[PDB]
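A single chain, nothing else alongside it, follows as structure tokens in the form deposited in one PDB entry.
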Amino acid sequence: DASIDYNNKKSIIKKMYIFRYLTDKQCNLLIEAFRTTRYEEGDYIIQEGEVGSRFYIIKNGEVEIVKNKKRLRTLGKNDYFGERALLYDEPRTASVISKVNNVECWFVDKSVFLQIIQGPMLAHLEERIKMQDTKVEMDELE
């Protein structure tokens, strides 16, 4: 029963692109720590400017990223968000809005997030942030 849920969560995580660098211990912590929630269409999962404590992974549906009234992108299944506030100890840099009903996210707190990214995952997260900031900066020149 608990073994079933462990089995299922391990099976899914082992398949996921973003978690491909997890050590066995990091994977164990993630399986034990994550929780899930469902959002309705239009729900603000994250609001820009607020303190954040959670890292999110989309398991169903799509979300919109909006910053200063500008749409930045749409994220989908097996994408993550909410990493910037936790990495840099800063308020949320953008809002994240559920685009449809029944969007489901997994999430872990900051302590778990910091522990499970150690290794190659950290460097990949920071690289993506750099590229994102670069394109947004150039996009805004128009």
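Position 1 is the first residue in the sequence shown; the rest follow in order. Throughout, rigid core stands for the largest set of C-alpha atoms superposing within 1.5 Å between the two forms.
Omitted from view is the form deposited in another entry, to which the following refers.
When the two forms are superposed on their rigid core between this form and the one not shown, the C-alpha shift of 2 Å or more among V96, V103, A85, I57 belongs solely to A85. Shown in the overlay between this form and the one not shown, fitted on the rigid core, is a CA shift at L75 smaller than 2 Å.
Once the rigid core is overlaid between this form and the one not shown, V112 counts among the residues whose Cα shifts by 2 Å or more. Here's the thing about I13 and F81: their CA atoms end up at least 3 Å closer in that other deposited form than they are in this form. Put simply, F55 and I117 spread apart in that other deposited form: their C-alpha atoms are 3 Å or more farther than in the form shown.
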